[PDB]
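Read the single chain below, which is given as structure tokens and is the form deposited in one PDB entry.
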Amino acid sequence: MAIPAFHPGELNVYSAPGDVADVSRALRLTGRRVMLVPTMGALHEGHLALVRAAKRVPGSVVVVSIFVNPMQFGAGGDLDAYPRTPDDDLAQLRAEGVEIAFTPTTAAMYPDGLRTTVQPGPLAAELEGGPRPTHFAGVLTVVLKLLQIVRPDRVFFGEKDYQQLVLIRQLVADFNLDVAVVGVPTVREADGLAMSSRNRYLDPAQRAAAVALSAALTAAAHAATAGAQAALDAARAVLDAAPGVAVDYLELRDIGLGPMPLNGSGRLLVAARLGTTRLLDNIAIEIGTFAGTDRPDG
């Protein structure tokens, strides 16, 4: 009762929040499980893995949102006119059998400018948040809004942007949101580079050196049998051997981004600049007496 056109088995594209909210609600009433994949477009194989994870849930209908949230741009930073490929985007979604694309305007998302917003916890001031102190407020505000509009049963995020994922789990816990946050392992290029829409920014020399991030992390994960100092120093030596790579941070944390014990299990996160382009990556890691395995570590 009030439903926009909806063609099942087809990609249906809605800009109006109200429209996708009424479609999502009707679909929920028929007992389909609504899955949300929030994106900023320029879709790559990583996003497709998110869509495929969502597709695997029985009864799933998949909503992919595409919205370049200005409240996570720019000055300073981040300073890029973000890649926009709306045509290819929807043709990828079609091929994958996604039924809903939500592509709102800025005016429909922010009809009152920045008025009520989400204040993230103090994790948002660390790491990615240090130099850009309101960035995560912008992520968590738009993600809360997407969740209220679409009301999915689960929402799917890549693990690459690991701080953002943790903060979104924080959001969902803290506001009692009735949604499951699904983190999906990072899709990588063949040489190990974490997929990102911003990888296309890299010139040839830079694309070649950028392999050092994933090579560092992988080297660290295997060095870690010998402890956290070995893991870190192995990662930093790889990073230092790559020309044109400038390290922002290289840090060990627990899975929730608290302190890492030595001899435990956690995450190693890295951010670096190549010319003007910032890259992130992270890996699961186990250190010391926690890194023993049947065979060779780890």
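Note that the rigid core is defined as the largest set of C-alphas that superpose within 1.5 Å between two forms. Only residues modelled in both forms are compared. Each residue number is its position in the shown sequence, starting from 1.
> Determine if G74 is unmodelled in a third or more of the other PDB entries compared for this protein.
That residue is missing from at least a third of the other compared entries.
> Is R132 missing in a third or more of the other PDB entries that were compared?
Across the compared entries, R132 is modelled every time.
> Looking at the deposited entry, does 13 to 21 or 271 to 279 carry the larger mean Cα B-factor?
The deposited B-factors put 271 to 279 ahead on the C-alpha mean.
> Can you let me know which of the two, 28 to 36 or 230 to 238, has the higher average C-alpha B-factor in the entry?
Between 230 to 238 and 28 to 36, it is 28 to 36 that shows the higher mean C-alpha B-factor.
> Among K145, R200, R154, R115, where is the Cα B factor highest in this entry?
Answer for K145, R200, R154, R115: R200, with the highest C-alpha B-factor.
> Between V51, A42, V68, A246, let me know which has the highest C-alpha B-factor in the entry?
The listed residue with the largest C-alpha B-factor is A246.
> Where does the C-alpha B-factor of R253 rank in its chain, lowest, middle or highest third?
According to the entry, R253 has a C-alpha B-factor in the chain's lowest third.
> Would you check the entry's CA temperature factor for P204 and let me know if it's in the chain's lowest, middle or highest third?
According to the entry, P204 has a C-alpha B-factor in the chain's highest third.
> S214: which third of its chain by C-alpha temperature factor?
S214: CA B-factor falls in the lowest third of its chain.
> Comparing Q92 with the other modelled residues of its chain, is its CA B-factor in the lowest, middle or highest third?
Tercile = middle for this residue's CA B-factor.
> Among all modelled residues of this chain, ranked by Cα B factor, put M109 in the bottom, middle or top third, i.e. lowest, middle or highest.
Ranked within chain, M109 CA B lands in the lowest tercile.
Below, we refer to the form deposited in another entry, which is not included among the displayed structures.
> State which of the options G121, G97, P111, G76 undergoes a Cα shift of 2 Å or more between this form and the one not shown, taking the core as fixed.
Result of the comparison: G76.
> When the two forms are laid on each other by their rigid core, does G244 show a Cα shift of 2 Å or more between this form and the one not shown?
No, the C-alpha moves less than 2 Å.
> Any CA movement of 2 Å or more for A42 between this form and the one not shown, core superposed?
Stays below the 2 Å threshold, so no.
> Is the C-alpha displacement of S60 equal to or greater than 2 Å between this form and the one not shown once the rigid core has been superposed?
After core superposition, the C-alpha of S60 moves less than 2 Å between this form and the one not shown.
> Since the Cα separation of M260 and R188 moves by 3 Å or more in that other deposited form, tell me which way: closer or farther than here.
Farther apart, which means the C-alphas of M260 and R188 are at least 3 Å more distant in that other deposited form.
> Since the Cα-Cα distance for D78 and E126 shifts by 3 angstroms or more in that other deposited form, is it a contraction (closer) or an expansion (farther)?
Residues separate in that other deposited form, at least 3 Å farther apart.
> Moving stretches between this form and the one not shown on a rigid-core fit: which runs of at least three residues all have C-alpha shifts of 2 Å or more?
Runs shifting 2 Å or more: 74 to 80, 258 to 263.
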